[PDB]
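Structure record follows, encoded as structure tokens.
Quick note: the coordinates plus some simple rules give every number you see, no bench work behind them. Cβ coordinates were reconstructed from backbone atoms using ideal geometry, including for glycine residues, and neighbour counts include every protein chain displayed.
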Amino acid sequence: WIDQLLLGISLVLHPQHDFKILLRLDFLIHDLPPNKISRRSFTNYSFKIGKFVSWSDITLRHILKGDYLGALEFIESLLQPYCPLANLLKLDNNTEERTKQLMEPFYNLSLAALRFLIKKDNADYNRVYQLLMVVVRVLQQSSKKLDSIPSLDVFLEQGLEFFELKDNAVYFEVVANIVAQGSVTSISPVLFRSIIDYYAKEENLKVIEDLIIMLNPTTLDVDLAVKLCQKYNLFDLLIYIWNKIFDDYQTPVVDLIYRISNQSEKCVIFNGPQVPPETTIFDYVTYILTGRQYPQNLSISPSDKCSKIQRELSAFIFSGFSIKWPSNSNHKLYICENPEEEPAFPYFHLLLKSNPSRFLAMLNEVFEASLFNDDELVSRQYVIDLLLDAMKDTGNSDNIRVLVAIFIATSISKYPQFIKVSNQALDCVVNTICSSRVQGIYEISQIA
Amino acid sequence: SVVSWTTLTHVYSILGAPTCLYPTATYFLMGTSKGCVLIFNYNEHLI
Amino acid sequence: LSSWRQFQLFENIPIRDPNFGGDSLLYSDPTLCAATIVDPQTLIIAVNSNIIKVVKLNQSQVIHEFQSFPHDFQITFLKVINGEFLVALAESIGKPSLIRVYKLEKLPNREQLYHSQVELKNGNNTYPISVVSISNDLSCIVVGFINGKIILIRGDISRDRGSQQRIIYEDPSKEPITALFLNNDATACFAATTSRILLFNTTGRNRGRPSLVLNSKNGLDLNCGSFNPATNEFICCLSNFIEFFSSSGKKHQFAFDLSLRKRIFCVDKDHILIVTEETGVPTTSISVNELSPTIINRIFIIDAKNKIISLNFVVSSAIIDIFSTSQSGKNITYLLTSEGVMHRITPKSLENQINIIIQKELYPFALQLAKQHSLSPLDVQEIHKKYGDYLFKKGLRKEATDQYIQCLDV
């Protein structure tokens, strides 16, 4: 019996639970009668006694070895609750105060390791990534609930200033791709701003998206993020925050509408000199209606909550009363500047008049979704009737009428459930499809 | 691994001046075919 | 294509799995999960998404079977390395994809019994994995997704950690990766995303950009590329062109009409094996009675150097995957259909080829065809003799005497 729980032909086995041996030794060199563990201690003529050593001694040897990663992994393995040799390793038996007294020299030596590498021009992308990932994960499992032990965020800020005079070229890169793979969120605002500035004088424009896409909304930092986005005019990122954090979708739509109808003075979300392209409203609605988060592909986080959002957007888009300012209000905005003409579906009319081709493409994409399926409520018949009545009344220069007729013909081409149309109604479409002087669409008209 | 071995060569000198042995709290005893048990302290101190 | 001539110079034999009789269905379960042959007498199969079995096709009797991995480990691909490890890979919808490696001649019976683990960790868990490539010496592995993301893993995989998950290239406009081929083992990579075929360098010093832009005007569809290992070439397919891109980048363009591709594969650095699917042809003159059944795939084997068509036959149902390996000097190919057949394609004897070609009456072509393999002089003299008499019997004598000039000593 080596100890109270450890028990020892050419291996100390713990009696508790399994009887697996500890390790192996070669006593033949020491001239091993065979039978000839006293007080936790032990060739041909001389007397040799073997004794255990300290973990700190092993760490010191690893320092002399020139590599700290071995000692890093050794300490991490020792940090596990299963330490049958804790008493033999001059450590406290219970794991709680064992981890309490440890993991401080872990932090100090991890800090010293980066300085050791940067001293001998260790600019290789390999070693730094491995060491940083190991440190990050190890600090991640150990939930720091006690005194001292600065969080992982503080460690990154400390390590940032170590690289200086062009040495910050790849350290930001090594900090990145951990957000991409995903093992930590809630980074320090200062380092966030530094990384944003570093990639600002560069044309990445894509690593930033993921940098915000994965990172949890628990760390808000909205004001700083909003200011950075406004300075960099990053409208796709701007809309996402309002979609998720501010929990408002009508406000971006109203801002885009104001940007459209010569009313940029009333915009709130977008106020910088740069103006987003008008096509955003022709893709954001597509994403929301079918179910999607702009600009990514994931439909929705909450299942049932999406129904309210889609019903709200569908009611607002195809309204016919020119609803008032979002939320409770006493006055109503207008599509046009002077409010005298009767607004019979003004928003839909404006959207159709702004761009025929993109609007038709968006509608064609929307019909293939399950939103119009019955499963107020808007069906395909309502939209087809709206377009059919919008066909006449000479309100178009015949540049949009032909496209509308083509789209109606294509929509009524397929009908197991779509729509039944009166015979006289088809006469207008048939006449319009081949009575216009517009050119460049001869090939499309034939197949349609 | 962490088993550092410390060796004292004074055993041969003491024998000149190895069947079984047993260590005490501070010293050790050795017995062989000589028939005289040898007591040796850890500080090179000697029936 | 009918522009060139048709030959018959590869021995093709189809066989049916005999275990299909009764309930011992070796090939009836949907097993789109990939397989791979090791030597001309062995075969591996995956089934039920976590069972691996080995079968000796010489007698169609199961030798050993095992099941590993937790649930939802849907096996995607399966292939053998230049050595013998036979890596295995799969994915889960929520759980991050885990890749592990086994060893040949060491069959597992317990649960894990692995040798190494790979921990590909993309953002969340979506966008299932696409074509992958692994180094011959187990040094670097390149993985491509179906959104525009390319990832690389380096270091030692056999014994050390498969770390260094550095991401290279982002591919804006959200285009899926269609082909990732590792070049000569030292340092090169070929990429494609249905446009802008790229010449990536695995040094890792790229600034998130195409290392060497090339033909950034078009691309190709899924699993439509090949790679000759002998001369480090990039045999691929285009709308009406075939390319021979090298390490530095050359262009040996050809001319051919091919507008219905689905899969291509090279064989022996001189013949390329393709599979063709057409499913009829629509036109105004003819009338489509109903949903016509898909005409089964027609297989062509194009040949380099001289322009000729090797074989053209029909298969039973479809093609799942192709193995196409052989340790001997000759090389053989293998196909797996829907129900499962073992079409064997082997090179025929040279004497049979010369006999059929002289039956075809194209003797002058047979001259250099025999010259390619450097036949014995006696065979050359015999060929000259038969050509000379076959010319003489027609009625022309001058060229017959010209052939007889070196037809002597026989």
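Worth pointing out:
- Listed pairs C:56/C:269; A:266/A:324; A:100/A:145 exceeding 20 Å between Cα atoms: C:56/C:269
- Rounded FRET efficiency, nearest 0.05, which uses the C-beta distance separating residue C:8 from residue C:61 and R0 of 30 Å: 0.30
- Each of A:44, A:438, A:428 was scored by the projection of its Cα onto the charge dipole of chain A, and the greatest displacement toward the positive side belongs to A:44; charges sit on the C-beta of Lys, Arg, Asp and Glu.
- Only Cα sites of the stretch A:314-426 enter the Debye sum here, all with the same form factor; the resulting log10 I(q)/I(0) across q = 0.23, 0.24 1/Å is -1.48, -1.56, listed in q order.
- Dipole of the protein assembly as shown, positive direction: furthest Cα of A:168, C:342, C:57, with charges on the beta-carbon: C:57
- In order along the stretch C:374-379, the phi-based Karplus estimate (6.51 cos²θ - 1.76 cosθ + 1.60, θ = phi - 60°) of 3J(HN,Hα) comes to 6, 5, 5, x, 5, 5 Hz; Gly and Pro are listed as x.
- Near the amide H of residue C:100, within less than 5 Å, lie the amide hydrogens of C:88, C:118, all on another chain or at least 5 residues away, with H placed in the peptide plane.
- Estimated from helical segments only, the mean residue ellipticity of chain C at 222 nm is -3500 deg cm²/dmol, where each DSSP H run of four or more residues counts as -39500 (n - 2.57).
- For the stretch C:311-410, the dipole from Cβ point charges (+1 on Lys and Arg, -1 on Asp and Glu) about the Cα centre works out to 240 debye, to the nearest 20.
- Computed E for residue A:433/residue C:206 - FRET, C-beta separation, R0 56 angstrom, nearest 0.05: 0.60
- Dipole size of chain A about its Cα centre, with +1 on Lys/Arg Cβ and -1 on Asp/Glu Cβ: approximately 1680 debye, rounded to the nearest 20.
- Cβ-placed point charges (K, R +1; D, E -1), dipole of the protein assembly as shown about Cα centre in debye, nearest 20: 2240 debye
- Comparing C:129, C:264, C:15 in a Gaussian network model of chain C, where Cα atoms under 10 Å apart are tied by springs, the biggest mean-square fluctuation is seen for C:15.
- Computed Kirkwood radius, in angstrom, where 1/r is averaged over Cα pairs of chain A: 29.0 Å
- Evaluated at q = 0.12 Å⁻¹: base-10 log I(q)/I(0), Debye formula over Cα of chain C: -1.11
- Set A:353/A:420; A:20/C:121; C:79/C:106 screened for pairs whose C-alpha atoms are more than 28 Å apart: A:20/C:121
- Each residue of the stretch C:105-114 is assigned a 3J(HN,Hα), and the resulting list reads 6, 10, 6, x, 10, 7, 6, 7, 5, 9 Hz, derived from the Karplus form 6.51 cos²θ - 1.76 cosθ + 1.60 (θ = phi - 60°), x at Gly and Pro.
- Distance from the alpha carbon centroid of the stretch C:291-323 to that of the stretch A:298-336 works out to 57 angstrom.
- Dipole orientation for the stretch A:301-377: of the candidates A:356, A:336, A:346, A:336 has the Cα lying most toward the positive pole (charges on Cβ; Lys, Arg +1; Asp, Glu -1).
- Top of C:135, C:173, C:247 by mean-square fluctuation, Gaussian network on chain C, Cα under 10 Å: C:173
- Close amide H partners of residue C:320, meaning residues 5 or more places away or on another chain with modelled amide H under 5 Å apart, are C:336, C:337.
- For the stretch C:76-115 and chain B, distance of Cα centres in Å: 57 Å
- Projected label distance in nm at residue B:46 and residue B:13, using a 7 Å step from Cα toward the beta-carbon: 1.4 nm
- Scattering profile of chain B at q = 0.26, 0.31, 0.32 Å⁻¹ [log10 I(q)/I(0), Debye over alpha-carbon scatterers]: -1.09, -1.34, -1.37
- Residues C:202, A:410, ranked from the fewest to the most other C-beta atoms within 10 Å, line up as A:410, C:202.
- Volume of the Cα convex hull of the stretch C:239-368, divided per residue and given in Å³: 191 Å³
- When Rg and Dmax are taken over the Cα atoms of the protein assembly as shown, they come to 38.5, 132 Å.
- Counts of other chain beta carbons within 10 angstrom of each beta carbon in peptide A:176-182 average 4.
- Helix-derived mean residue ellipticity, 222 nm - over chain A, DSSP H n ≥ 4, -39500 (n - 2.57), to 500: -14500 deg cm²/dmol
- Label-point gap, in nm, between residue C:186 and residue C:137 - each point 7 angstrom along Cα→Cβ: 1.1 nm
- Diffusion constant of the stretch A:251-334 at 10 °C, which comes from Stokes-Einstein with the Kirkwood Cα-pair radius and 1.306 mPa s, µm²/s: 111 µm²/s
- The stretch C:1-117, relative contact order [Cα under 8 Å, separation at least 6], %: 16 percent
- Sites residue C:286 and residue A:443, calculated FRET efficiency, Cβ-Cβ separation with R0 30 Å, nearest 0.05: 0.85
- Of the chymotrypsin sites (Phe, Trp or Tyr not before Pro) in the stretch A:124-228, those whose Cβ has at most 15 other Cβ within 10 Å and which sit in DSSP loop: A:162
- What the phi angles of the stretch A:341-346 give under the Karplus curve with 6.51, -1.76 and 1.60, with θ = phi - 60°, is a coupling list of 5, 6, x, 6, 6, x Hz, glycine and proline written as x.
- Candidates C:381, C:165, C:74, ranked by Gaussian network fluctuation over chain C, Cα under 10 Å, top entry: C:381
- Take chain C and mark each of the GluC sites (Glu not before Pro) that is in a DSSP loop with at most 16 other Cβ atoms within 10 Å; the longest unmarked stretch, sites excluded, is C:120-276.
- Fewest-first ranking of C:42, C:36, using other Cβ atoms within 10 Å as the exposure measure: C:42, C:36
- Cα centroid separation, the stretch A:164-237 to the stretch C:172-250 (Å): 31 Å
- Put simply, the amide H of residue C:311, placed in the peptide plane, has neighbours under 5 Å in C:301, leaving out anything fewer than 5 places away on its chain.
- Remark on the stretch A:91-228: Rg and Dmax equal 16.4, 55 Å (Cα only).
- Taking other C-beta atoms within 10 angstrom as a stand-in for reagent exposure, A:430, C:288 fall in the order C:288, A:430, fewest first.
- Selection of trypsin sites (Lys or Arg not before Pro), the stretch C:253-305, meeting DSSP coil and at most 11 other Cβ within 10 Å: C:305
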